[PDB]
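Participant: Give the three-dimensional model of this entry:
(8 chains)
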Amino acid sequence: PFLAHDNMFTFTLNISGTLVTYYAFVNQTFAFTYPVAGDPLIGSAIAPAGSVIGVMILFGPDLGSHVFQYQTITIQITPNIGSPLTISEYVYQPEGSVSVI
Amino acid sequence: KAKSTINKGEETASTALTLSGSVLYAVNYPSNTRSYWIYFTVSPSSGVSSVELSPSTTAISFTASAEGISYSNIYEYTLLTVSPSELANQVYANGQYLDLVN
Amino acid sequence: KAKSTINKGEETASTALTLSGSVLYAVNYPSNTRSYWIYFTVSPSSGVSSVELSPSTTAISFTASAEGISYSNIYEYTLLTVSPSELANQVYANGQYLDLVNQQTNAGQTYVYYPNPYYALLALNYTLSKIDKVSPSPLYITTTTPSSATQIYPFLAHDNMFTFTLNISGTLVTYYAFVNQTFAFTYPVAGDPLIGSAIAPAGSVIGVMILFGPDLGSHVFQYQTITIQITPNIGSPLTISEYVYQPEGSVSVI
Amino acid sequence: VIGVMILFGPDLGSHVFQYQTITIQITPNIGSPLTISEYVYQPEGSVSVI
Amino acid sequence: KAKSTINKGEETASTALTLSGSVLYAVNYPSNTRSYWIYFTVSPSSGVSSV
Amino acid sequence: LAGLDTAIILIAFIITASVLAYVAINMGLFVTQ
Amino acid sequence: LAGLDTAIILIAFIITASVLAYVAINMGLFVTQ
Amino acid sequence: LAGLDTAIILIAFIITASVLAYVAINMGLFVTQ
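Facilitator: Numbering: from 1, shown residues only, chains lettered A, B, ... in the order given. Let me share the structure:
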């Protein structure tokens, strides 16, 4: 029953020539990082130079009920060693359900 | 005490991050009212140093100007710690398994 | 006697506190008449040493020259001292108790951080009520309608009210906050394995929120300069100086 | 030039220093002693530089 | 006796070591759980005296 | 003894320029983005 | 012997350096901010 | 007398100012490179 308050987004896959769908359920806005390019040292949780690291922010129930429209969205990463990375974007309106914005 | 501290001061000024790739936005298209996820990539500034992105130390923030909602350290989990031997053992949607981590 | 005094003089030069993140600012957008709160995160500069942020030996001074105000030591409470164990359960939104504090574990040491200034606010509402016994409650966050709050408690009308709505268990729950005196608090945001100690370790990230009272909240900063000075006991002060004139929406950016 | 090599045992080698101050002090019979004190943050490379 | 004191007081003010060369800490890198050893080199301060 | 003092005056300033360098590039990576 | 005197001058020098140190950080962060 | 004390202290203060030069050049090289 308690999986009814979470958020939902559907993505499908074609395995062995068969169509299989998947349904999501998230109860809190969070984000995770996974290797995407040239990361030899796996397990140490370190991003060496030359290795690209993907970042995925998952919405939730508290925020997913809205849609960012004509506002300045600001995400910021702050590592322990070095200067932070402050991203500041402004969106007009999403398109295709996956927009570059 | 001075020498060791100068060594770290140099390390701080060297490391930095850049926004490699683009930033993506997932929202229900026909009725634009439901947010799904936001994804992008990140890499060190250049070939200068190796940055550590362990979620126990670094913290991804978030805020919204219009709706006034603000956040702090939405960064909780990562997949760098796991090893590709553990993932590829068992998962499938049909009679045959599939490999996730290349 | 000389050695210890030269040794102590060496430790002074290695405090090095800086500013991280940004300096947000939120007010009533339609009628820009009341000022609610100011929240900015503050971190050590680099891996030099741990800096002290205890509210007993630190001064935060807020002043605006354009209107003749000058406050000193509005630094009263922190959330670094409270342990997440006692705070874990006693908060009930609807049906189930929502958890405000987050925690991790790595390298044998556990971590503690807070995800929102709102969850940090509610955690501050409870801790002043039960943990540290005080007769005057500078903050009182309740879910009753503000009119009802005036009926049950008379003196809850002079304070300035600002709301923050949430979404728990699928029902839109609202909240109301009342501040009777301008004060400021801190709460860990990242890499703070030192819970209860109130000493920001090297490279950690700490939050600092200033809640406007009634006397000051009635004024809005337009074409004025702000000066916030976080003065620890030893080492470098930090003078946040900005120049703003408009809110640009519900919240500002600088 | 002489080389000092501290070999950890079972009592101390079971730990790992992180965000700490490590201090070593050599004390000869005549003359001042050497006082080494570094602040290690995060071990990297399997041979840490500090 | 006063002679031997000065002959020994000078050596105390002259002999001193110094850390030349970096310090190396060795631990298991994929999973930082153990600790192996620490190595560094020492040398006299200047060309002043032996220790 | 110009060694002991200037050694601290050194590190007292090396840390100072480090923070200024930290906040300077902090502004840089912000505006270009 | 003069080291008994060098300590007084030395500690005073450290204080002047420390005060100058953070005043730079205070104003350095200001101009960047 | 104080002549021997001044002689002994003179040897001591030189070594500290010497070893400060030892580390000052090393970190100057490493940083610049």
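Participant: In contact with residue A:30, which residues?
Facilitator: Residues near residue A:30 by Cβ atoms under 8 Å, 6 or more residues apart in numbering or on different chains: A:57, A:58, A:60, B:74, B:75, B:76, B:77. (Each C-beta comes from the backbone N, C-alpha and C, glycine too.)
Participant: Direction included, what does whichever strand or helix holds residue A:90 pair up with?
Facilitator: Using DSSP states H and E, residue A:90 sits within strand A:85-91. Sheet partners assigned to strand A:85-91 using DSSP bridges are listed as strand A:71-78 (antiparallel).
Participant: quick revisit: residues of the strand holding residue A:90 that come out buried?
Facilitator: For strand A:85-91, a neighbour-count test (16 or more other Cβ atoms under 10 Å in any protein chain shown) marks A:85, A:86, A:87, A:88, A:91 as buried.
Participant: Export these to a markdown table and append columns for distance to residue G:8.
Facilitator: As requested, the buried residues of strand A:85-91 are arranged in a markdown table below (distance: Cβ to Cβ, whole Å):
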| residue | distance to residue G:8 |
| --- | --- |
| A:85 | 48 |
| A:86 | 48 |
| A:87 | 53 |
| A:88 | 53 |
| A:91 | 64 |
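Participant: out of those residues, who's nearest chain F?
Facilitator: Chain F lies nearest to residue A:86 out of the buried residues of strand A:85-91, by Cβ to the nearest Cβ, at 4.8 Å.
Participant: Show me which residues of chain F sit near chain A.
Facilitator: Applying Cβ under 8 Å from any Cβ of the partner chain, we find that chain F lies next to chain A at F:22, F:25, F:26, F:29, F:30, F:33.
Participant: Any residue of the helix or strand harbouring the fourth one touching chain C?
Facilitator: In this assignment (DSSP H and E), residue F:29 forms part of helix F:2-32. Yes - for helix F:2-32 and chain C, the contact criterion (Cβ under 8 Å from any Cβ) is met by F:4, F:8, F:11, F:12, F:15, F:18, F:19, F:22, F:23.
Participant: for that helix, packing partners?
Facilitator: Packing partners of helix F:2-32 (3 or more Cβ pairs under 8 Å, 6 or more residues apart in numbering or on different chains; DSSP states H and E): strand A:85-91, helix B:2-14, helix C:2-12, strand C:17-27, helix G:3-32, helix H:3-32.
Participant: Give me the buried positions along that helix.
Facilitator: Buried residues in helix F:2-32, counted by 16+ other Cβ under 10 Å: F:3-16, F:18-26, F:29-30.
Participant: Name the residues of chain A found near chain E, please.
Facilitator: Checking chain A against chain E by Cβ under 8 Å from any Cβ, the hits are A:41, A:42, A:43, A:44.
Participant: Give me the nearest residue to the residue most central in space within chain A, chain neighbours excluded.
Facilitator: The C-alpha lying nearest the average C-alpha coordinate of chain A belongs to residue A:56 (Cα atoms, centre = their mean; 2.2 Å). Closest residue in space to residue A:56, ignoring its immediate chain neighbours: residue B:39 at 4.5 Å, by Cβ to Cβ, 6 or more residues apart in numbering or on different chains.
Participant: What distance do you get for residue A:26 to chain F?
Facilitator: 27 Å (Cβ to the nearest Cβ, to the nearest Å).
Participant: How many neighbouring residues does that residue have?
Facilitator: The local packing of residue A:26 (other Cβ atoms under 10 Å in any protein chain shown) involves 17 other residues.
Participant: Bridging across strands, which residues link to it?
Facilitator: Beta-bridge partners for residue A:26, by DSSP bridges, are residue A:7.
Participant: pretty sure it is touching residue A:58, no?
Facilitator: Yes - contact criterion Cβ atoms under 8 Å: residue A:26 and residue A:58 qualify, at 5.3 Å.
Participant: what sits against the residue in chain A positioned nearest to chain E?
Facilitator: Taking Cβ to the nearest Cβ, chain E has its nearest neighbour within chain A at residue A:43, 4.3 Å off. Applying Cβ under 8 Å, 6+ apart, we find residue A:43 in contact with B:80, B:81, B:82, B:83, E:30, E:31.
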